[PDB]
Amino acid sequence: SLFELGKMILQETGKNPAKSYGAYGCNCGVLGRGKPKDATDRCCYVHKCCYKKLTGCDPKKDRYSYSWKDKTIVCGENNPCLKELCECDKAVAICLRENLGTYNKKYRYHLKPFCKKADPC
């Protein structure tokens, strides 16, 4: 769910997930996908595609378990859809952290700017 996602983002990146990734480039946020603007944006693209692959479980609503043991995210067994959901979110948290070096606040928006069409997932 958004809950786990937001938390994982904060645990990995150390950044306020809404503030840093709630409206960033073409893919981080709640405005679907678009041609990634940079590596961080690109994490969000893969994440949104990760979500498309899920079957049945609700990526926004459905809670799942993960542990943060040794400051690494391990997705709990869950059921397959929830485990995969979790893996999607873990992936994007990790990728965002990984790409903090090129994170660029100029891609943050209030209203979403220009985004060419993303490739189909």
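Just so we're on the same page, rigid core means the largest C-alpha set that superposes within 1.5 Å between forms. Residue numbers run from 1 along the displayed sequence.
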Between stretches 40-48 and 76-84, more displaced by Cα RMS in 5 other deposited structures of this protein (rigid core superposition): 76-84
Between stretches 103-111 and 16-24, more displaced by Cα RMS in 5 other deposited structures of this protein (rigid core superposition): 103-111
Mean Cα B-factor comparison, 54-62 or 85-93, giving the higher one as deposited: 54-62
Given 108-116 and 94-102, the range whose Cα B-factors average higher in the PDB entry: 108-116
CA B-factor placement of residue 121, once the chain's modelled residues are sorted into thirds: highest
Cα B factor band for residue 33 (lowest, middle or highest third within the chain): highest
